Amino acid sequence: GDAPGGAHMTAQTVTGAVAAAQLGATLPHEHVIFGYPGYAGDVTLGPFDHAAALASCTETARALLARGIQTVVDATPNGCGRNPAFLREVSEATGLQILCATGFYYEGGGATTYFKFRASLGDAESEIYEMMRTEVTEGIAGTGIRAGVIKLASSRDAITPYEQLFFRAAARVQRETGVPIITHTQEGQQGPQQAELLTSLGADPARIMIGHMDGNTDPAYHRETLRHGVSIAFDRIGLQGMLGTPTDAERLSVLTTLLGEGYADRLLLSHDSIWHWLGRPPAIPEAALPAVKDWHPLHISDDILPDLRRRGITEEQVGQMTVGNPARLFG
């Protein structure tokens, strides 16, 4: 099949290097803690309770291990609450392996003023590149802990000029270090555009995962993205009807079709769940409860896989999505 080609570093988790064979069943896109841009300004009434967070994240970590999952890829952007040391605490406490990211969110849902300003005054792309390269090769914030992936995100109607600064920096770091790239796509769009842009900039398709692809329910769109040889992730499995997000019945309809067409080696599954919110905990209106009911990280192990198997998906295909694909993409 398609193996990563070029410069390569051993997978870096918040607790250090891990061999590809030691990754095991992996959730490729989750958030241990997360706060939307602006949460830190609500510090007075929404402070971070370290003790409660640690206890709650370590428990979720344990529940995961209980189900055979050994690794989690935390895709939290630098300004959305990323905290490598905390991730390290959870990991040293449970034995759950956690990789964290380096990257900023999409123009629409991130704090883009900082770099939009630096770009108007100077060379923001090379500044973003230096940040990503330092974080992947040396470490984040002096902690000595390195990012195991680069997180990229684009808007719905287009990969904006602000967003492309990050896409060009990452491609450079990716060619230089071979580090994986995972992405966020907004509202089921830009998947083909993201894969085309990244590969044309020289990023290795075997090290790219276009995310939130479950956000589109027309398989023509998934197939068009897959032609680029990149992997795609149905990664918000469990979040249903929440903000135009589809239902799981819709995601499985598309997923089985793709699996039916031989695409298992490029298909990955995650929930994009938040284990502990930063800021004031989410006030979820009764009427929106069914949309977040299955949005936690045990949902794929307990409800999705058994569902794919009973529908004819093979143990081998399930293993390809959950163990094989992650080992090669991140290992």
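From 1 onward, residues are counted along the sequence shown.
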Checklist entry - Looking only at CA atoms, which has the higher mean B factor in the entry: 235-243 or 211-219? => result 235-243
Checklist entry - Mean CA B-factor: is it higher for 73-81 or for 112-120? => result 112-120
Checklist entry - From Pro290, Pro47, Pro297, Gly262, pick the one with the largest CA B-factor in the entry? => result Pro290
Item to check | For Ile181, the third of its chain into which the C-alpha B factor falls | outcome: lowest
Checklist outcome for this item: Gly16: CA temperature factor from the record, placed by chain third, in the highest
Checklist entry - By the record's CA B-factor, is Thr94 among the lowest, middle or highest third of residues in the chain? => result highest
Checklist outcome for this item: Among the modelled residues of its chain, the C-alpha B-factor of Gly24 falls in the third labelled middle
Checklist entry - If you rank every modelled residue in this chain by C-alpha B factor, which third holds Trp275: lowest, middle or highest? => result lowest
